[PDB]
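A look at the structure
Here is how the chains run, residue by residue.
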Amino acid sequence: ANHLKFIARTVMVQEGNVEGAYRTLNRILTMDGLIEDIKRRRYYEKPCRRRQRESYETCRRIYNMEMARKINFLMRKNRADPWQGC
Amino acid sequence: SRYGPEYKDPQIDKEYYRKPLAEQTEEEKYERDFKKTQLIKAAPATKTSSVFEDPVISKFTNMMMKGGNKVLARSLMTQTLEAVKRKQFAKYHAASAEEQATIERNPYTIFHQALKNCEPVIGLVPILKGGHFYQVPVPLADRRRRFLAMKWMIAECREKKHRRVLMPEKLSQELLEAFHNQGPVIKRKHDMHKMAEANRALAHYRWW
Amino acid sequence: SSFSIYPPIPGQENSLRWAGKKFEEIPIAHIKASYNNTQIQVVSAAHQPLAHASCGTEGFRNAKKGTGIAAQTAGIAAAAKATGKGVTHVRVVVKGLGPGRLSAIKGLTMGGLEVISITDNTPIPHXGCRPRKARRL
Amino acid sequence: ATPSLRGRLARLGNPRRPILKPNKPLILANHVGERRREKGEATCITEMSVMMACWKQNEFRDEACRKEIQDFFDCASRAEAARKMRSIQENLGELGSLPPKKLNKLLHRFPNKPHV
Amino acid sequence: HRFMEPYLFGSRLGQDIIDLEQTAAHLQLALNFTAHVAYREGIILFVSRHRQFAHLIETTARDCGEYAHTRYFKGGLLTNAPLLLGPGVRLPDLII
Amino acid sequence: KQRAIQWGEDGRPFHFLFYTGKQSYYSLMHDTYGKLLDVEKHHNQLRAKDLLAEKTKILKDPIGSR
Amino acid sequence: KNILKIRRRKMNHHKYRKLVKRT
RNA sequence: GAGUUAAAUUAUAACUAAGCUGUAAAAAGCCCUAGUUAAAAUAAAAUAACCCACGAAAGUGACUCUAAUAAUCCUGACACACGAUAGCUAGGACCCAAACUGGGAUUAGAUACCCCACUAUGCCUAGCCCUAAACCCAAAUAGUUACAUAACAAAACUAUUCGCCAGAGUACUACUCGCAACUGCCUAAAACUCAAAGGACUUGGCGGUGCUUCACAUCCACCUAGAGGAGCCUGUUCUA
Ligand SMILES: [K+]
Ligand SMILES: [K+]
Ligand SMILES: [K+]
Ligand SMILES: [Mg+2]
Ligand SMILES: [Mg+2]
Ligand SMILES: [Mg+2]
Ligand SMILES: [Mg+2]
Ligand SMILES: [Mg+2]
Ligand SMILES: [Mg+2]
Ligand SMILES: [Mg+2]
Ligand SMILES: [Mg+2]
Ligand SMILES: [Mg+2]
Ligand SMILES: [Mg+2]
Ligand SMILES: [Mg+2]
Ligand SMILES: [Mg+2]
Ligand SMILES: [Mg+2]
Ligand SMILES: [Mg+2]
Ligand SMILES: [Mg+2]
Ligand SMILES: [Mg+2]
Ligand SMILES: [Mg+2]
Ligand SMILES: [Mg+2]
Ligand SMILES: [Mg+2]
Ligand SMILES: [Mg+2]
Ligand SMILES: [Mg+2]
Ligand SMILES: [Mg+2]
Ligand SMILES: [Mg+2]
Ligand SMILES: [Mg+2]
Ligand SMILES: [Mg+2]
Ligand SMILES: [Mg+2]
Ligand SMILES: [Mg+2]
Ligand SMILES: [Mg+2]
Ligand SMILES: [Mg+2]
Ligand SMILES: [Mg+2]
Ligand SMILES: [Mg+2]
Ligand SMILES: [Mg+2]
Ligand SMILES: [Mg+2]
Ligand SMILES: [Mg+2]
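A cluster of basic residues, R42(A), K46(A), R49(A), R130(C), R132(C), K133(C), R135(C) and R136(C), forms a positive patch on the protein surface. Mapped onto the secondary structure, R49(A) falls in helix 3 (residues 47-73).

A word on the sheet that holds strand 5 (residues 94-95) of chain E. Residue and element names in this part refer to chain E. Spatially, 4-3-5 is the arrangement adopted by the three strands of the open sheet, whose pairing is parallel. Two strands lie at the open edges of the sheet, namely strand 4 (67-69) and strand 5, each paired on one side alone. Strand direction decides the pairing type here: strand 3 (residues 44-47) and strand 5, joined by two bridges, are parallel. The partner of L45 across the bridge, within strand 5, is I95. In the packing of helix 2 (residues 54-64) onto the sheet, the strands contacted are strand 3 and strand 4, and the crossing angle to strand 4 comes to about 165°.

This brings us to the protein's contact with RNA strand H. Inspection of the region around RNA strand H gives 74 residues, with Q41(C), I124(C), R132(C), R8(D) and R2(E) positioned closest. Each atom of RNA strand H within 4 Å of the protein was assigned to sugar, phosphate or base; sugar and phosphate come to 70%. Here a base oxygen of RNA strand H sits 3.4 Å away from a polar atom, N or O, in the side chain of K65(C). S4(D) has a polar side-chain atom sitting 3.1 Å from a phosphate oxygen of RNA strand H. Listed by contribution, the elements that provide at least two residues to the surface near RNA strand H are strand 1 (123-129), strand 2 (132-138) and helix 7 (142-159) of chain B, strand 1 (28-33), strand 2 (38-43) and strand 3 (49-54) of chain C together with helix 1 (3-22) of chain G. With 12 residues, the top contributor of residues to the surface near RNA strand H is helix 1 of chain G.

Here the focus is the interface of chain C and chain A. With 36 residues of chain C at the contact, the number on the chain A side is 22 residues. For the pairing of chain C and chain A, the buried interface totals around 2,900 Å² over both sides, and the portion due to carbon and sulfur atoms is 69%. Along the contact surface separating chain C from chain A lie zero salt bridges. At the surface where chain C touches chain A, the tally comes to seven residue pairs in polar contact. Only strand 4 (89-95), helix 2 (101-110) and strand 5 (114-120) of chain C provide two or more residues apiece to the side of chain C that touches chain A. Considering each element in turn, the side of chain C that touches chain A owes the most residues, six residues, to strand 5 of chain C. Of the residues assigned to the side of chain C that touches chain A, the class counts are 22 nonpolar, six polar and eight charged.

Close contact between helix 2 of chain E and helix 1 (residues 23-49) of chain F brings their axes to 11 Å; oriented N to C, the two are set at 110°. When the axis of helix 2 of chain E is compared with that of helix 1 of chain F, the two are roughly perpendicular. The crossing of helix 2 of chain E and helix 1 of chain F is left-handed. Along the contact surface, helix 2 of chain E presents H55(E), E58(E), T59(E) and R62(E), while helix 1 of chain F presents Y26(F), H30(F), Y33(F), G34(F) and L37(F).

Once that is clear, we can look at the packing of aromatic side chains. Considering all chains together, one arrives at 13 aromatic pairs over all chains under this definition. Considering the side-chain rings of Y25(F) and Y26(F), the 5.3 Å spacing of their centres and the 50° angle between planes classify their relative orientation as tilted. Members of the aromatic cluster, joined through ring pairs, are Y67(E), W7(F), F18(F) and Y19(F). The side chain of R42(A) reaches across the aromatic face of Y35(C), ending 4.7 Å from its centre. Above the ring of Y92(B), the side-chain terminus of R105(B) is found at 3.9 Å from the ring centroid.

All names here are of chain B. Following both chains from N to C, one finds helix 6 (residues 107-117) and helix 8 (residues 167-179) inclined at 65°, their axes separated by 8 Å at the closest point. In the crossing of helix 6 with helix 8, the sense of the turn from one axis to the other is left-handed. Judged by residue contacts, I110, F111, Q113, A114 and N117 of helix 6 engage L175, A178 and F179 from helix 8. Looking at side-chain class alone, the contact of helix 6 with helix 8 contains six nonpolar, two polar and no charged residues.

Before going further, it helps to examine the pairing of strand 1 of chain B. By the bridge criterion, seven bridges tie strand 1 of chain B to strand 2 of chain B in an arrangement that is antiparallel. Paired with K129(B) across the bridge in strand 2 of chain B is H132(B).

Attention shifts here to the nonpolar core. Within the largest apolar cluster, 27 residues are counted, with the highest numbers of intra-cluster contacts made by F60(B), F111(B), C118(B), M153(B), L171(B) and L175(B). Put simply, the parts of the chain that give this core at least two residues each are helix 3 (55-64), helix 4 (70-93), helix 6, helix 7, helix 8 and helix 9 (184-198) of chain B. Of the residues forming this core, the biggest block, seven residues, is contributed by helix 7 of chain B. Apart from the residues within four sequence positions on either side, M153(B) is in contact with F60(B), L115(B), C118(B), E174(B), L175(B), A178(B) and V185(B). Ranked by size, the runner-up nonpolar core spans 26 residues in total, among them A21(A), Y22(A), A53(C) and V92(C).

Here we take up the UniProt feature "binding site: Mg(2+)" (unreviewed entry) in chain D. All names here are of chain D. Annotation from UniProt places "binding site: Mg(2+)" (unreviewed entry) at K24. Secondary-structure assignment places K24 in the segment before helix 1 (46-57). Residue class for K24 comes out exposed when judged on its relative accessible area of 59%.

This part takes up unusual backbone geometry. As a rule of thumb, non-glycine residues mostly have phi less than zero, and peptide bonds are mostly trans rather than cis. Of note in this structure, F6(A) is not a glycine but carries a positive phi near 55°. With respect to the helices and strands, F6(A) occurs in the segment before strand 1 (10-12). Phi is positive for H47(C), close to 55°, though the residue is something other than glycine. Here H47(C) is to be found in the loop between strand 2 and strand 3. For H47(C), a relative accessible area of 66% corresponds to the exposed category.

The structure contains eight pairs of chains in contact, of which chains A and C account for the largest number of contacts. Without any contact between them, chain C and chain E keep their closest C-alpha atoms 51 Å apart. As for chain G relative to chain B, no contact occurs, and the smallest C-alpha gap between them is 35 Å.

Calculation rules
Residues numbered from 1 in each chain as written, not as in the entry; some residues may be left out. Chains lettered and ligands numbered in written order. Part of a larger assembly, values for the part shown. Heavy atoms only, no water. Residues with missing side-chain atoms left out of burial classes, pairs and counts. Patch = residues over 30% accessible without salt bridge, like charges linked within 9 Å, V, L, I, M, F, W, Y side chains within 5 Å. Areas by Shrake-Rupley, 256 points an atom, 1.4 Å probe, with all protein chains shown as cover. Salt bridge = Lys/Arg side-chain N within 4 Å of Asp/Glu carboxyl O. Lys, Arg positive; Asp, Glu negative; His and termini not counted. Charge placed at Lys NZ, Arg CZ, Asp CG, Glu CD. Helix = DSSP H or I, 4+ residues; strand = E, 2+ residues; numbered from the N terminus. Pairing = 2+ DSSP bridges. Contact = heavy atoms within 4.5 Å. Axes fitted to C-alpha atoms, helices over the stretch in contact; angles between N-to-C directions. Near = heavy atom within 4 Å. Polar contact = N/O pair within 3.5 Å; in protein donor to acceptor, adjacent residues only side chain to side chain. Buried area = accessible area lost by both parts, 1.4 Å probe. Nonpolar A, V, L, I, M, F, W, Y, C, P; charged D, E, K, R; others polar. Parallel < 35°, antiparallel > 145°, perpendicular 65-115°, else oblique. Left-handed = near helix turned anticlockwise from the far one by under 90°. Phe/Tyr/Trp six-rings, centres within 6.5 Å; stacked < 30°, edge-to-face > 60°. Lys NZ or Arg CZ within 6 Å of the ring centre and 35° of its normal. Core = buried A, V, L, I, M, F, W, Y, C linked by side-chain atoms within 4.5 Å. Buried < 20%, exposed > 50% of the residue type's maximum accessible area, 1.4 Å probe, protein only. UniProt positions renumbered as here; feature names shortened; annotations may be inferred.

Listed below in structure tokens is the structure:
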């Protein structure tokens, strides 16, 4: 209300298309977490639920980022077996 | 089904075999048809290589058949084309110079064009959500639209016709009525469009 | 062709004029895409309203007006009324998150109106009024 | 980088109060979850709406809506072709990441060892 | 492994180094014990589930005249020998 | 067809793969793999000597080989 | 599970809070 | 303690529009309304936070300043001090959320879930009440990785010391002592009834539990011919 307008959360179209510009805006909000934040602010969650939600988000983030490393670590072991029928 | 999975649908068009040298890819298609030694089903009784048949006529003839009287269905279809031809010939004679070369005297041309105007463009299918059914419009496939047009023609001429008027003559009238975009079947097609357009906001329910 | 996503700052002087006028002179199209209705209003550079349109005013009623098609029709009607007053380019501001955000954006494009900049001004409290309780549906 | 798992879980030799209370133990399995099928959405909506405009503007007669009618048919065929081909190719296309069947075999070759 | 600590001379930049002095003492008894059981007409089986030397080990036993098993090991082979192999089977007297 | 006796009077198995459960199948696999190495070794020697006197005879389509 | 004991104590306390209110 | 306000919202004003809110779908409510621009007070503290710090616990994470976090570093009550939230007494504040209550809808009924309005109250100052799944269900101080897997879970154990525990139901109850409590808190039995109550696990069944896949007379979408309507034939029930 006090800041200047048409600076924050604003994109400009190029070559006359609007679908592409809108998707760029959505990626900006999704990366910054505003899209999920608006979803959670439609209703009110008690502080008991908020901590229970962050204890599940953090656990998923640890497991997903640890399984991902093992996948990349073992990714090179997918070539054709040189000792088939050995 | 006495035919196994290896059997395929035979090709009936004679012209497909008489001029194969003008194309190369199509030559590879049928040269491998027997080179793979794939079995071929027996020729159907209804379909024949006669140049005077038409696939749309056979399907329409089959639908009119009740029980197993193919001869009676063929007889009714023969008279209906004759009945249309007589009416068109009579109207041609009583016409002016500019009106003479407007009237079509080909029953096959009329029959093909009549069905292409009675086919609905967008249909309806009930969808259950929230314990209630909502009529959700869908882009019906071409085969369904072609089938639905034939069924409407048969249903109309069987129900609301008088007892005295014969079947071949009553169906002949509707073919001319549909050829001019004024038959009751065209009205029924528009009625289905009326309901589909009214429920245009419910198209989001469908998931395909 | 160097194109910058960021808007031209009014303090600087950018030689990028649409229809002979600067960036700030171009009218504004406010879009409020709620969860049950979509309201579209176009205002001039001096914040003077030109035309107003919404799903309710276009004949849609009750749950129907909350669908995307209802917002799409409103954008076409709003652009048609706006184009009558002689506006070519407009800066669209999107308010809130709802099912009608995409439809209203392309509704103006197909209505004879051209957009050049997109702004999202969803009300985001920073700690604010306590919202309603949850729904145990 | 992986979030630190130091002084998080509730253990006897932990002075800090618990920060994480997992539903199930954080032990790596020998298999990954299957891919989730993408939920469908209504297709040919931007083309149906313009078709309805011509019908309402011409007493529901396709005498002048031929351009809109054909596009609606074209969209239906285009949507039909894409719908009846996504399932077969997506299994082996893999988007650069091996299908779940191949990853399960790869993990079995290098299993995790909770015991001993 | 915890039980390999006494047999490790040390660790070099995170890589363990096996003390060959203890290896020589153990290998001396291993070869001595292997020869004696072969002297007394004993059955020796070579077992190695590794898919890089399976052919080399399998050929090694053929030259020595002994038996080798570098393939998949069935569950009830050595324990439930009568059912797996035959009615009367003489079990191997040494496994390598 | 009946299996022959697999051991002598002293109990020593005749074949060197009797303790693998399937001596006949694995012996065939061992010989088949050994032939591949010999072909690879022979081909390696031929490549060293710069001679290619062999041809691919796998294609037996007119005979109808399966 | 232990819920079979909390529910038993739940009913007794609930019935006790109605005996006090009635009398 | 003292001072301060970014983002949102509302009183309020201008302009345009006739509708606005709401749901799986509606009704009710509003039309003193809605959108945009301008804008106090009260209340609550996006991202940082994938960080794990401070306090004895309950707790604390918008900014600034002041004061400030016991013990030369064991255990210890019924004694002293403290103790979320709800609730009480008096004064002040009230955007917004909201038990109770009223209306709408659903249902056989709905004094429930869903929708709309509004009160206590959530807030500030002073006093009281002293209860929680106050649970990390794991007491404090020193240690060991030796011995050794009931089960499950968060591996096993030694030394000093305090508190607590003697079948289940009756029972966070009756009686009694203290309390700013008076529908209260703390302390806490018996008569009588039963031969069990209870912890963990295994297989099976089931699930209006989730994920993936599938119904070629098949559940839906969809095709054809029929039953239920009438007479007649025949078979049951009832009547006889
Ligand atoms: K804040
Ligand atoms: K089971
Ligand atoms: K009957
Ligand atoms: Mg402000
Ligand atoms: Mg601490
Ligand atoms: Mg648990
Ligand atoms: Mg009881
Ligand atoms: Mg006020
Ligand atoms: Mg009303
Ligand atoms: Mg207002
Ligand atoms: Mg914390
Ligand atoms: Mg302390
Ligand atoms: Mg201290
Ligand atoms: Mg002390
Ligand atoms: Mg208190
Ligand atoms: Mg309180
Ligand atoms: Mg209070
Ligand atoms: Mg009182
Ligand atoms: Mg008060
Ligand atoms: Mg109030
Ligand atoms: Mg309120
Ligand atoms: Mg009521
Ligand atoms: Mg707590
Ligand atoms: Mg306790
Ligand atoms: Mg404790
Ligand atoms: Mg203590
Ligand atoms: Mg201490
Ligand atoms: Mg300790
Ligand atoms: Mg005891
Ligand atoms: Mg007792
Ligand atoms: Mg109590
Ligand atoms: Mg009591
Ligand atoms: Mg007493
Ligand atoms: Mg059936
Ligand atoms: Mg009959
Ligand atoms: Mg009957
Ligand atoms: Mg009868």
